[PDB]
Amino acid sequence: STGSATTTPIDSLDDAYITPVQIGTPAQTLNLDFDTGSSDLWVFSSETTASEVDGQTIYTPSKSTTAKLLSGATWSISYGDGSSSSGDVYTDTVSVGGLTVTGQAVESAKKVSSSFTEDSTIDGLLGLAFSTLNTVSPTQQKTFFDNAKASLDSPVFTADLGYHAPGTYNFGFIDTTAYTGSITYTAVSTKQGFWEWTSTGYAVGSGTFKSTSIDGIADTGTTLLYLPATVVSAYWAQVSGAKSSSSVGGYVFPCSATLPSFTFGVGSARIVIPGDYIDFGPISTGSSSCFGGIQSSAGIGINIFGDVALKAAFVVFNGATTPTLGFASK
């Protein structure tokens with residue numbers, strides 16, 4: 001089998017992407033944030049504290065004839081941005097772009113933190129990291145990809161995120177019309193439960209390539225590109241008027257400045273992030289100060305190849321017995 005679904009930015013800055021997902025019988029369609037940095041599929045629901053729901057579409061398991069309570073199961077997750085959610089668990093039928101999993105763990109939120117309530121466009125998350133990170137207790141549950149894998153024509157999914165435009169998540173096949181040149185594959189460590197890999201270096205604009213190992217994760221659920229402070233400093237030093245603002249919480253720059261591209265290495269291959277991808281607009285309405293899309297990972301504890309990086313590529317998440325990652329230009 002295969003599946004193919006369009007993913008759409010939630011706003012004009014690509015702050016996140018939402019993908020429609022069918023849950024239950026008859027189908028209830030929710031728009032979920034596909035997140036290769038986590039491993040829980042959780043939704044706003046009929047069980048979510050009413051004061052914590054504000055415009056989201058909810059899953060109502062009682063209206064689904066295929067929903068079954070996963071008795072005794074609870075879940076609770078906290079993300080890197082300090083947001084969180086928790087609740088209980090149903091199994092139900094879940095379909096993404098034509099691909100159907102029966103008995104998928106659907107984690108029903110009883111509680112969500114403020115940032116989730118405040119974002120009316122995201123109805124939940126669909127985790128695509130490794131199932132070892134799944135938070136369901138007492139019995140860890142598998143991701144949608146893990147459950148689908150054996151049925152797929154090929155045990156892979158691909159992320160093709162758009163710049164200020166929709167893109168595509170495919171399951172079970174590689175669309176050879178969706179990228180230019182060849183796909184370069186690179187090794188993955190699953191030891192932290194992430195699609196963790198080692199970039200071979202970077203360049204700033206037309207500058208020469210610096211060969212240096214950068215360990216990080218391919219994370220569709222993180223908006224920006226987070227790299228070591230040395231790397232990030234070298235980038236913003238090439239932007240007139242840029243500075244790191246503690247009050248803002250990272251690098252900002254005047255919107256009158258031209259942003260250089262940023263190149264990262266995948267083996268001997270190179271992915272070029274155009275300068276425009278690194279502009280995340282005024283820090284506040286009417287401000288001449290713009291937020292940068294490349295920021296320091298210092299104090300995160302890991303480097304994150306978020307959407308800023310991934311949307312410059314066609315990315316293969318290869319879930320073969322030994323997982324790997326593939327990157328192509330497009």
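The rules behind the values
- Residues numbered from 1 in each chain as written, not as in the entry; some residues may be left out.
- Heavy atoms only, no water.
- Residues with missing side-chain atoms left out of burial classes, pairs and counts.
- Salt bridge = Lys/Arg side-chain N within 4 Å of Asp/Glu carboxyl O.
- Helix = DSSP H or I, 4+ residues; strand = E, 2+ residues; numbered from the N terminus.
- Buried < 20%, exposed > 50% of the residue type's maximum accessible area, 1.4 Å probe, protein only.
- Disulfide = S-S within 2.5 Å.
- Pairing = 2+ DSSP bridges.
- Domains from an automatic or database assignment.
- Contact = heavy atoms within 4.5 Å.
- Nonpolar A, V, L, I, M, F, W, Y, C, P; charged D, E, K, R; others polar.
- Axes fitted to C-alpha atoms, helices over the stretch in contact; angles between N-to-C directions.
- Core = buried A, V, L, I, M, F, W, Y, C linked by side-chain atoms within 4.5 Å.

## Brief notes about the pattern of salt bridges
One pass over the full model with this rule turns up two salt bridges. With its nearest N and O atoms 2.8 Å apart, the salt bridge here joins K311 to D14. In this pair, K311 sits in the loop between α4 (307-310) and β23 (314-318) while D14 sits in the loop between β1 (3-9) and β2 (17-23), placing the two residues 297 residues apart along the sequence. Both residues of the pair, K311 and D14, count as buried. A salt bridge links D160 to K330; the nearest nitrogen and oxygen atoms lie 2.7 Å apart. Of this pair, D160 sits in strand β9 (residues 156-160) while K330 sits in the segment after β24 (324-328), and the two are 170 residues apart along the sequence. Residue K330 is classed as partly exposed on the basis of its relative accessible area, which comes to 38%.

## Focus: the state of the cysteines
Using the criterion set out here, one finds one disulfide in the structure. Paired through a disulfide, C255 and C290 show a sulfur-sulfur distance of 2.0 Å. Across the S-S bond linking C255 and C290, the dihedral sits near 120°, which makes this disulfide right-handed. Of this pair, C255 sits in the loop between β16 (250-254) and β17 (262-266) while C290 sits in strand β20 (residues 289-292); the two residues are 35 residues apart in sequence, bridging distant segments of the chain. Accessibility expressed as a relative area gives 38% for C255, which makes it partly exposed.

## Let's talk about the pairing of strand β7 (residues 99-112)
Both strand β4 (residues 41-43) and β7 contribute to a ladder of two bridges, which runs parallel. Within β7, the residue paired with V43 across the bridge is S108. In this structure, strand β6 (residues 84-96) lies alongside β7, joined through eleven bridges in antiparallel fashion. Each residue of the ladder has a partner; that of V94, found in β7, is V101. Two successive antiparallel strands, β6 and β7, enclose a turn made up of two residues, where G97 displays a positive phi of approximately 55°.

## Things to note about the domain arrangement of the protein
When cut into domains, the protein gives domain 1 (5-174) and domain 2 (175-330). Each of domain 1 and domain 2 has a C-alpha centre, and the two are 25 Å apart. Facing 30 residues of domain 1, the contacting portion of domain 2 comprises 34 residues. Secondary-structure elements contributing two or more residues to the side of domain 1 that touches domain 2 are β3 (28-35), β9 and β10 (167-171). In terms of residue count, β9 provides more of the side of domain 1 that touches domain 2 than any other element does, five residues in total. Here the residues of the side of domain 1 that touches domain 2 sort into 18 nonpolar, six polar and six charged.

## What to know about the sheet that holds strand β13 (residues 210-218)
Read from one edge of the open sheet, seven strands run β18-β17-β12-β13-β22-β14-β21, paired in mixed fashion. Both edges of this open sheet fall to β18 (269-273) and β21 (294-296), since each of them pairs with a single strand only. Adjacent strand axes in the sheet meet at a mean angle of 45° when their direction is disregarded. Strand direction decides the pairing type here: strand β14 (residues 225-227) and strand β22 (residues 303-305), joined by two bridges, are antiparallel. Bridging across to β22, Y226 finds its partner in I304. In the packing of helix α3 (residues 229-236) onto the sheet, contacts are made with β12 (196-204), β13, β14, β17 and β21, and the angle to β21 comes to roughly 140°.

## Quick look at the nonpolar core
Grouped together as the largest cluster of nonpolar side chains are 69 residues, with contacts concentrated most on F171, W236, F262, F264, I273 and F327. Of all the elements, α3 adds the most residues to this core, at four residues. Two domains each put at least three residues into this core: domain 1 (5-174) and domain 2 (175-330). Here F264 is in contact with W197, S199, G201, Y202, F209, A269, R270, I271, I273, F305, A309 and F327, once residues within four sequence places are set aside. The next biggest cluster of nonpolar side chains, apart from the first, holds 16 residues, and it includes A73, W75, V89 and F116.

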